[PDB]
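Inspection log for the structure reproduced underneath, given as C-alpha coordinates.
In this chain, residues are counted from 1 in sequence order. The analysis underlying the following values was restricted to heavy atoms, covering all of them including side chains, and did not include hydrogens, waters or symmetry mates.
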Amino acid sequence: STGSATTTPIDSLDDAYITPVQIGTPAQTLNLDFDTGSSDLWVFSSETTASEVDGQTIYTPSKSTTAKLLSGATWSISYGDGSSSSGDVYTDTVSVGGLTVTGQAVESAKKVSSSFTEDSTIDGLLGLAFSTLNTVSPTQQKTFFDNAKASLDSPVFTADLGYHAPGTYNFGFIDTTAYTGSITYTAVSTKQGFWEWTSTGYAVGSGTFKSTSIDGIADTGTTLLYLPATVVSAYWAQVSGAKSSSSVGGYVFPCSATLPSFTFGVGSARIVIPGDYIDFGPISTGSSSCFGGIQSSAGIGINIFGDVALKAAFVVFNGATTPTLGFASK
(Lines give C-alpha, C1' and ligand atoms only; values in the text may rest on other atoms or scores of the structure.)
Protein backbone atom coordinates (compact mmCIF):
# COMPACT_ATOMS: atom_id res chain seq x y z
CA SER A 1 0.00 0.00 0.00
CA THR A 2 0.85 3.69 -0.22
CA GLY A 3 -0.53 7.01 0.96
CA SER A 4 -0.09 10.57 -0.29
CA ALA A 5 -1.36 13.69 1.45
CA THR A 6 -0.86 17.40 0.91
CA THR A 7 0.60 19.43 3.77
CA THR A 8 -0.22 23.13 4.01
CA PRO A 9 1.46 25.99 5.92
CA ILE A 10 -0.70 27.28 8.76
CA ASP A 11 0.22 30.93 8.10
CA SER A 12 2.25 33.20 5.83
CA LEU A 13 5.51 32.45 7.68
CA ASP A 14 5.37 28.64 7.45
CA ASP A 15 5.29 28.45 11.26
CA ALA A 16 3.99 24.88 10.93
CA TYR A 17 2.27 22.62 8.41
CA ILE A 18 -1.06 20.80 8.73
CA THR A 19 -2.06 17.60 6.96
CA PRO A 20 -5.65 16.25 6.89
CA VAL A 21 -6.14 12.95 8.71
CA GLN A 22 -9.27 10.76 8.74
CA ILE A 23 -10.11 9.27 12.18
CA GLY A 24 -12.98 6.94 13.01
CA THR A 25 -16.10 5.63 11.29
CA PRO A 26 -17.69 7.64 9.73
CA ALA A 27 -14.50 9.58 9.15
CA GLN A 28 -13.76 12.65 11.24
CA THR A 29 -11.16 14.77 9.44
CA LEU A 30 -8.71 16.66 11.66
CA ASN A 31 -5.74 18.75 10.50
CA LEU A 32 -2.66 17.43 12.28
CA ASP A 33 0.93 18.63 12.58
CA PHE A 34 3.09 15.77 11.32
CA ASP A 35 6.06 15.73 13.69
CA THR A 36 9.17 13.65 12.99
CA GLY A 37 10.47 14.82 16.41
CA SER A 38 7.83 13.05 18.53
CA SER A 39 5.91 9.79 18.65
CA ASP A 40 2.36 10.47 19.89
CA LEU A 41 -0.74 10.88 17.71
CA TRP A 42 -2.91 13.12 19.90
CA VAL A 43 -6.01 15.17 19.10
CA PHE A 44 -8.29 17.84 20.46
CA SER A 45 -11.42 15.94 21.41
CA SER A 46 -14.85 15.95 23.02
CA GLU A 47 -12.93 15.29 26.27
CA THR A 48 -10.71 18.39 26.10
CA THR A 49 -11.42 20.96 28.82
CA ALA A 50 -13.85 23.31 27.10
CA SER A 51 -12.00 26.50 28.06
CA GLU A 52 -8.89 25.10 26.32
CA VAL A 53 -10.62 24.62 22.96
CA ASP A 54 -10.74 27.77 20.76
CA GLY A 55 -11.63 26.98 17.14
CA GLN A 56 -10.02 23.55 16.70
CA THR A 57 -11.87 20.63 15.17
CA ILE A 58 -12.37 17.91 17.78
CA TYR A 59 -12.46 14.12 17.61
CA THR A 60 -15.57 12.70 19.28
CA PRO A 61 -14.94 8.98 19.94
CA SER A 62 -18.54 8.33 20.96
CA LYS A 63 -19.58 9.12 17.36
CA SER A 64 -17.12 6.57 15.90
CA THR A 65 -18.38 3.01 15.59
CA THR A 66 -14.78 1.73 15.45
CA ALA A 67 -13.47 3.63 18.50
CA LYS A 68 -12.59 1.58 21.57
CA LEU A 69 -11.29 2.91 24.86
CA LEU A 70 -7.81 1.55 25.58
CA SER A 71 -8.64 0.73 29.17
CA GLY A 72 -6.34 2.23 31.75
CA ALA A 73 -4.05 3.99 29.28
CA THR A 74 -3.03 7.62 29.77
CA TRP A 75 -0.51 9.88 28.08
CA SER A 76 1.30 13.10 28.88
CA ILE A 77 3.88 14.90 26.75
CA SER A 78 6.00 18.04 26.95
CA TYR A 79 7.68 19.55 23.92
CA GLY A 80 10.94 21.41 23.49
CA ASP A 81 9.06 24.69 23.09
CA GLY A 82 7.54 24.30 26.57
CA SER A 83 4.07 23.27 25.42
CA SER A 84 2.29 20.16 26.70
CA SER A 85 -0.86 18.03 26.57
CA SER A 86 -2.27 14.91 28.23
CA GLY A 87 -5.30 12.67 28.35
CA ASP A 88 -6.59 9.15 27.71
CA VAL A 89 -6.42 6.79 24.74
CA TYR A 90 -8.70 5.16 22.19
CA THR A 91 -7.90 2.82 19.35
CA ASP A 92 -9.58 3.64 16.05
CA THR A 93 -9.12 3.57 12.29
CA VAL A 94 -6.82 6.30 10.99
CA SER A 95 -6.21 7.09 7.32
CA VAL A 96 -3.64 9.46 5.79
CA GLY A 97 -3.88 10.19 2.08
CA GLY A 98 -5.56 6.87 1.29
CA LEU A 99 -3.41 4.71 3.59
CA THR A 100 -5.40 3.11 6.41
CA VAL A 101 -4.28 1.71 9.78
CA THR A 102 -6.78 -0.10 11.96
CA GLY A 103 -6.30 -0.17 15.71
CA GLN A 104 -4.19 2.99 15.81
CA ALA A 105 -3.75 4.56 19.22
CA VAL A 106 -5.50 7.93 19.10
CA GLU A 107 -4.55 9.90 22.19
CA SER A 108 -7.45 12.08 23.27
CA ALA A 109 -6.50 15.32 25.01
CA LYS A 110 -8.14 16.15 28.31
CA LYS A 111 -5.75 19.07 28.82
CA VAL A 112 -3.63 21.17 26.45
CA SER A 113 -1.31 24.06 27.21
CA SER A 114 -2.00 27.63 26.18
CA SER A 115 0.01 27.62 22.95
CA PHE A 116 -2.13 24.78 21.58
CA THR A 117 -5.39 26.49 22.57
CA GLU A 118 -4.14 29.69 20.96
CA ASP A 119 -3.45 28.02 17.59
CA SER A 120 -6.86 27.32 16.07
CA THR A 121 -5.33 25.78 12.91
CA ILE A 122 -3.72 22.71 14.55
CA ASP A 123 -6.13 19.99 15.72
CA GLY A 124 -3.39 17.71 17.10
CA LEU A 125 -0.06 16.10 16.29
CA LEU A 126 0.87 12.93 14.42
CA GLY A 127 4.25 11.76 15.62
CA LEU A 128 6.69 10.17 13.19
CA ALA A 129 9.78 9.65 15.36
CA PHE A 130 10.55 6.21 16.75
CA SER A 131 7.94 4.49 18.88
CA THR A 132 10.35 4.23 21.82
CA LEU A 133 9.43 7.90 22.56
CA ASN A 134 5.67 7.26 22.73
CA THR A 135 4.31 8.44 26.08
CA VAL A 136 1.34 6.10 26.55
CA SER A 137 1.36 4.31 29.89
CA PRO A 138 1.33 1.58 31.07
CA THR A 139 1.49 0.05 27.56
CA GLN A 140 3.52 2.07 25.07
CA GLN A 141 1.86 2.45 21.66
CA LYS A 142 3.21 2.47 18.11
CA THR A 143 3.24 5.40 15.67
CA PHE A 144 1.08 5.50 12.56
CA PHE A 145 4.16 4.79 10.42
CA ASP A 146 5.23 1.86 12.60
CA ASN A 147 1.76 0.33 12.37
CA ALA A 148 1.58 0.84 8.61
CA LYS A 149 5.16 -0.12 7.75
CA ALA A 150 4.68 -3.84 7.13
CA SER A 151 1.85 -3.08 4.67
CA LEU A 152 3.69 -0.37 2.72
CA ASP A 153 5.23 -1.10 -0.66
CA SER A 154 8.52 0.18 0.76
CA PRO A 155 9.11 0.94 4.49
CA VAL A 156 9.59 4.68 4.01
CA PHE A 157 7.86 8.03 4.19
CA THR A 158 8.97 11.28 2.56
CA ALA A 159 8.60 14.93 3.55
CA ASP A 160 8.44 17.52 0.77
CA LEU A 161 7.63 20.76 2.54
CA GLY A 162 6.90 23.90 0.55
CA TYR A 163 8.26 27.41 0.98
CA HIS A 164 5.20 29.61 1.41
CA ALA A 165 3.28 26.89 -0.46
CA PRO A 166 1.75 23.44 0.06
CA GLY A 167 3.84 20.28 -0.11
CA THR A 168 3.43 16.53 0.31
CA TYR A 169 3.91 13.65 2.75
CA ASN A 170 4.10 10.29 0.98
CA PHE A 171 4.04 6.87 2.63
CA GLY A 172 5.43 3.73 1.08
CA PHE A 173 7.03 5.11 -2.09
CA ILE A 174 9.58 7.62 -3.38
CA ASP A 175 8.17 9.99 -6.02
CA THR A 176 11.10 10.27 -8.42
CA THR A 177 9.50 13.33 -10.08
CA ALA A 178 9.58 15.34 -6.85
CA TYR A 179 13.34 16.04 -6.66
CA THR A 180 16.30 16.89 -8.87
CA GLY A 181 19.56 15.03 -9.09
CA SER A 182 20.06 12.06 -6.80
CA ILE A 183 19.10 11.32 -3.20
CA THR A 184 22.07 11.15 -0.84
CA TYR A 185 21.54 8.78 2.06
CA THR A 186 23.18 9.19 5.45
CA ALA A 187 23.32 7.14 8.64
CA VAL A 188 20.77 7.50 11.46
CA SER A 189 21.12 6.84 15.17
CA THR A 190 17.89 5.85 16.89
CA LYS A 191 19.50 5.90 20.35
CA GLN A 192 17.52 9.00 21.42
CA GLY A 193 14.38 7.99 19.53
CA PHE A 194 14.90 10.68 16.86
CA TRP A 195 15.86 10.71 13.18
CA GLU A 196 19.34 11.74 14.28
CA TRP A 197 22.11 12.17 11.72
CA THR A 198 25.42 13.98 11.17
CA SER A 199 25.71 16.81 8.67
CA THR A 200 29.13 17.13 7.06
CA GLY A 201 29.37 20.94 7.34
CA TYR A 202 28.07 24.26 6.13
CA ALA A 203 28.59 27.37 4.01
CA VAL A 204 27.23 30.92 4.37
CA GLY A 205 26.16 32.55 1.12
CA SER A 206 28.86 32.22 -1.53
CA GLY A 207 31.51 31.46 1.10
CA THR A 208 33.70 28.40 1.21
CA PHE A 209 32.33 25.20 2.69
CA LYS A 210 33.47 24.36 6.22
CA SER A 211 33.87 20.63 6.77
CA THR A 212 32.72 19.87 10.30
CA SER A 213 30.43 17.22 11.80
CA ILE A 214 27.09 18.54 13.08
CA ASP A 215 24.92 15.96 14.85
CA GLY A 216 21.24 16.87 14.78
CA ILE A 217 17.69 15.67 14.22
CA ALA A 218 15.41 15.93 11.21
CA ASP A 219 12.35 17.45 12.89
CA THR A 220 9.33 18.47 10.81
CA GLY A 221 7.63 19.66 14.01
CA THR A 222 10.17 22.43 14.67
CA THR A 223 9.87 25.62 12.64
CA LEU A 224 13.47 26.87 12.61
CA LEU A 225 17.01 25.62 12.10
CA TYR A 226 18.91 25.34 15.41
CA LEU A 227 22.69 24.94 15.14
CA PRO A 228 25.78 25.44 17.28
CA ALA A 229 26.46 29.02 18.37
CA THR A 230 29.68 29.16 16.32
CA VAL A 231 27.83 28.31 13.09
CA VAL A 232 24.96 30.68 13.80
CA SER A 233 27.31 33.57 14.61
CA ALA A 234 29.17 32.98 11.34
CA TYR A 235 25.84 33.21 9.48
CA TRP A 236 24.49 36.39 11.09
CA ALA A 237 27.87 38.14 10.88
CA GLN A 238 27.16 38.37 7.13
CA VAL A 239 23.98 40.41 7.72
CA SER A 240 24.56 44.08 8.51
CA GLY A 241 22.84 45.04 11.74
CA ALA A 242 21.98 41.50 12.85
CA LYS A 243 22.35 40.79 16.54
CA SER A 244 21.34 38.31 19.20
CA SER A 245 18.62 39.83 21.39
CA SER A 246 18.05 38.33 24.82
CA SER A 247 14.81 40.29 25.16
CA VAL A 248 13.45 38.89 21.90
CA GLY A 249 14.92 35.40 22.37
CA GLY A 250 17.29 35.02 19.44
CA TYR A 251 18.93 36.62 16.47
CA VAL A 252 17.06 39.50 14.84
CA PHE A 253 18.02 41.47 11.77
CA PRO A 254 16.90 44.62 9.95
CA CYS A 255 13.84 43.83 7.88
CA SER A 256 15.47 45.86 5.07
CA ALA A 257 18.22 43.23 4.72
CA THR A 258 18.72 40.75 1.91
CA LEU A 259 19.68 37.51 3.62
CA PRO A 260 22.41 35.18 2.36
CA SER A 261 21.72 31.54 1.69
CA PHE A 262 22.87 28.79 4.03
CA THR A 263 24.25 25.48 2.77
CA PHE A 264 24.41 22.26 4.81
CA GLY A 265 26.26 19.07 3.93
CA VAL A 266 24.75 15.61 3.49
CA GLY A 267 27.76 13.39 2.88
CA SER A 268 29.43 14.82 -0.21
CA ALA A 269 26.19 16.51 -1.30
CA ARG A 270 24.94 20.00 -0.49
CA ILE A 271 21.48 21.40 0.31
CA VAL A 272 21.12 25.16 -0.21
CA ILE A 273 18.58 27.07 1.90
CA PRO A 274 17.76 30.33 0.05
CA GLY A 275 18.10 33.47 2.13
CA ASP A 276 14.38 34.22 1.89
CA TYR A 277 13.65 30.98 3.79
CA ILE A 278 15.47 32.44 6.81
CA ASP A 279 13.19 35.51 7.13
CA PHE A 280 10.48 35.07 9.78
CA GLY A 281 9.24 38.63 9.60
CA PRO A 282 8.73 41.42 12.10
CA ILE A 283 9.19 40.49 15.75
CA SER A 284 5.93 42.34 16.44
CA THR A 285 3.42 43.86 14.07
CA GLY A 286 4.87 46.94 12.39
CA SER A 287 8.42 46.46 13.68
CA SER A 288 11.41 46.92 11.40
CA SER A 289 13.26 44.22 13.39
CA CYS A 290 12.81 40.79 11.83
CA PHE A 291 13.26 37.38 13.44
CA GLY A 292 15.90 35.04 12.05
CA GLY A 293 15.24 31.51 10.90
CA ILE A 294 18.62 30.19 11.98
CA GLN A 295 19.07 30.22 15.75
CA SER A 296 21.46 28.84 18.34
CA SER A 297 20.88 25.37 19.77
CA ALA A 298 23.11 26.14 22.76
CA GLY A 299 20.16 26.14 25.17
CA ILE A 300 18.46 23.02 23.75
CA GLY A 301 21.00 20.21 24.08
CA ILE A 302 20.54 19.08 20.47
CA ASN A 303 20.85 20.58 17.02
CA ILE A 304 17.55 20.66 15.12
CA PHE A 305 17.14 20.57 11.34
CA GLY A 306 13.63 21.98 11.46
CA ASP A 307 11.36 23.14 8.66
CA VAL A 308 13.71 25.95 7.52
CA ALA A 309 16.22 23.28 6.52
CA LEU A 310 13.91 20.45 5.55
CA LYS A 311 11.78 22.60 3.19
CA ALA A 312 14.86 23.17 1.00
CA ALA A 313 15.01 19.41 0.34
CA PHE A 314 13.13 16.29 -0.57
CA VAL A 315 13.64 14.16 2.54
CA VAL A 316 13.37 10.36 2.76
CA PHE A 317 12.71 8.83 6.18
CA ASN A 318 13.82 5.25 5.51
CA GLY A 319 12.38 2.89 8.12
CA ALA A 320 14.20 -0.22 6.95
CA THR A 321 15.66 -2.55 9.59
CA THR A 322 18.62 -0.18 9.78
CA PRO A 323 17.00 3.27 9.34
CA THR A 324 18.62 5.97 7.21
CA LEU A 325 17.80 9.48 5.99
CA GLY A 326 17.96 10.66 2.39
CA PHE A 327 18.20 14.25 1.11
CA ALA A 328 17.81 15.56 -2.44
CA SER A 329 17.60 19.04 -3.87
CA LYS A 330 14.34 19.97 -5.58
Backbone of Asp40 reached by a side-chain donor or acceptor of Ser38 within 3.5 Å: no
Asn134 side chain to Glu107 side chain, donor-acceptor N/O pair below 3.5 angstrom: yes
Minimum-distance pair of heavy atoms, taken over all atoms of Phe327 and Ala313: CD2-CB, 4.0 Å
Stepwise side chain to side chain donor-acceptor pair (under 3.5 Å) check, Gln141 with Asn147: CA-CA 10 Å; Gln141 300 294 307; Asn147 280 322; over 6 Å; no
Aromatic ring pairing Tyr251/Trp236, orientation class (parallel under 30°, perpendicular over 60°, tilted between): parallel
Over all atoms of both residues, closest heavy-atom pair of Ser199 and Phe305: CB-CZ, 3.8 Å
Which donor-acceptor pairs under 3.5 Å do the side chains of residues 223-232 make with protein atoms, sequence neighbours left out?
residue	atom	partner	partner atom	Å
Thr223	OG1	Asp15	O	2.6

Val266 to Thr184 - nearest heavy-atom pair and separation: O-CG2, 3.5 Å
Test item: side-chain donor near acceptor, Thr177 and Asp175, under 3.5 Å: yes
Shortest non-hydrogen contact between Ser245 and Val248, atoms and distance: OG-N, 3.0 Å
Residues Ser131 and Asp146: side-chain donor-acceptor under 3.5 angstrom: yes
Geometric class of the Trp195/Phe145 ring pair [parallel <30°, tilted 30-60°, perpendicular >60°]: tilted
Working for side-chain contact (heavy atoms from CB on, under 4.5 Å), residues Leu125 and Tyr79: CA-CA 11 Å; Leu125 269 61; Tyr79 297 100; 3.3 Å; yes
Atom pairs and distances, donor-acceptor, side-chain atoms in residues 273-286, under 3.5 Å, two or more places apart:
residue	atom	partner	partner atom	Å
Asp279	OD1	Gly281	N	2.8

Residues which pass salt bridge (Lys or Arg N to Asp or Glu O under 4.0 Å) with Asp35, listed by chain and number, not counting sequence neighbours: none
NZ or CZ of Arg270 within 45° of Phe264 ring axis and under 6.0 Å: no
Donor + acceptor pair across side chains of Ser64, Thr66 (<3.5 Å): yes
Taking every non-hydrogen atom, the tightest pair across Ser4 and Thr168: OG-CG2, 3.9 Å
Side chain to side chain donor-acceptor pair (under 3.5 Å) evaluation trace for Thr324 with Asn318: CA-CA 5 Å; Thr324 65; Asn318 169 29; 2.9 Å; yes
Check: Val112 main-chain N/O paired with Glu52 side-chain donor or acceptor under 3.5 Å: yes
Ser78 side chain to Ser84 side chain, donor-acceptor N/O pair below 3.5 angstrom: no
Salt bridge (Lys or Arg N to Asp or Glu O under 4.0 Å) against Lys330, all qualifying residues, sequence neighbours excluded: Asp160
Contacts of type side-chain contact (heavy atoms from CB on, under 4.5 Å), residue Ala16, not counting sequence neighbours: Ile10, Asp33, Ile122
Partners meeting salt bridge (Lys or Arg N to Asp or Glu O under 4.0 Å) with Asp14 (sequence neighbours left out): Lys311
For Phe317 against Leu325, the heavy-atom pair lying closest together: CD2-CD2, 3.6 Å
